[PDB]
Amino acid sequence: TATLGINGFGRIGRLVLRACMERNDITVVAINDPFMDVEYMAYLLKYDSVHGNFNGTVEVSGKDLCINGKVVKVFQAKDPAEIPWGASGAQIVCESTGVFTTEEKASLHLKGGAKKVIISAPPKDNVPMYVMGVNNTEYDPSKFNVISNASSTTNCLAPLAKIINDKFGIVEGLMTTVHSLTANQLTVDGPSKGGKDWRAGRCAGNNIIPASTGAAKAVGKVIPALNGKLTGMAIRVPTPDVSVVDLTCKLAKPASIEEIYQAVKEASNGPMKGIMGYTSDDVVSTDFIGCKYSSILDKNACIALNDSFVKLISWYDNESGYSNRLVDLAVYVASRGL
């Protein structure tokens, strides 16, 4: 049985834990977050403004947590090299702080006894990115101890892009993601951390906010065939969770929406089971809260100008979908030998 440690018990951290508690093939044994004592961790696990009450029991046992009868070790270290992952029995670390997105910083977990690290974001350096159901089998345990699970937007775009490119071929494409607000945004107009993303510091609750994203370009790394063929941007909106990819692309081979839907349907029921999904219902964002899929094609929202120029709409719970993929990746990493 694979074991997990979580660094940064935030939106992704807590939902990764929730996903692990639902599974027999992986166990959470340790959590680290210096901005959060044990009682606070219990509170933030028990209660969730988006995903409801924790399904199970959460108690404080001295310095640690007792979750569903299992002991989970709790630490409050600011530096990753201070956390005793090995002694806690944690083989794999979910690096979900948002502040250690390089090999240099994320590899500090290995000093504490960790065997492997998964950065819950695209890296700032050349740490390899893997998307489950797309390129995860490319992972080489002899060459990497620190890997990345990319972004939730990449996890939404890449499986759809693979299906479309395999079947019809993408000549060129531009993506917008209409994305729910995140932790780096602010409740009222203020300065963004580092002063880099000025728009992201504007009142999150009443604004439509343009944003940059490398997600579409990152698909060019996950799927080398699409290097230089895809890019895009983000538009941030006041909703607390769930986002949607809007992909406008030109196809090398003509295809109708129905044919695109069928290609997605066959992948969803076959090689991309549990990763790619589809719907023909009149869905809205809240309908996907808690959805474990990486990408859900919205048939009725797709539009075609002609047989070669199309706009594809795909949903994703940026919190829940991604968290389940990270857990999938951890389980897969363990199966390849630690």
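Quick note: we count residues from 1 along the sequence shown, nothing fancier.
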- Note on the structure: Avg C-alpha B-factor, entry values, 148 to 156 vs 263 to 271, higher side is 263 to 271
- Message: Tell me which stretch, 230 to 238 or 133 to 141, has the higher mean Cα B-factor listed in the entry.
- Response: 133 to 141
- Task: In terms of CA temperature factor as recorded, identify the highest of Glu95, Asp189, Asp197, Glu172.
- Result: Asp197
- Out of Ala81, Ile208, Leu181, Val178, which shows the largest CA B-factor listed in the entry? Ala81
- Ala330: which third of its chain by C-alpha temperature factor? middle
- Among all modelled residues of this chain, ranked by Cα B factor, put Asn126 in the bottom, middle or top third, i.e. lowest, middle or highest. highest
- Task: Grab the CA temperature factor for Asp166 from the record and place it in the lowest, middle or highest third of its chain.
- Result: middle
- Chain third (lowest, middle, highest) by recorded CA B-factor, residue given as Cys203: lowest
- Query: Hey, what third does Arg11 fall into on Cα B-factor, ranked over its chain?
  - Reply: lowest
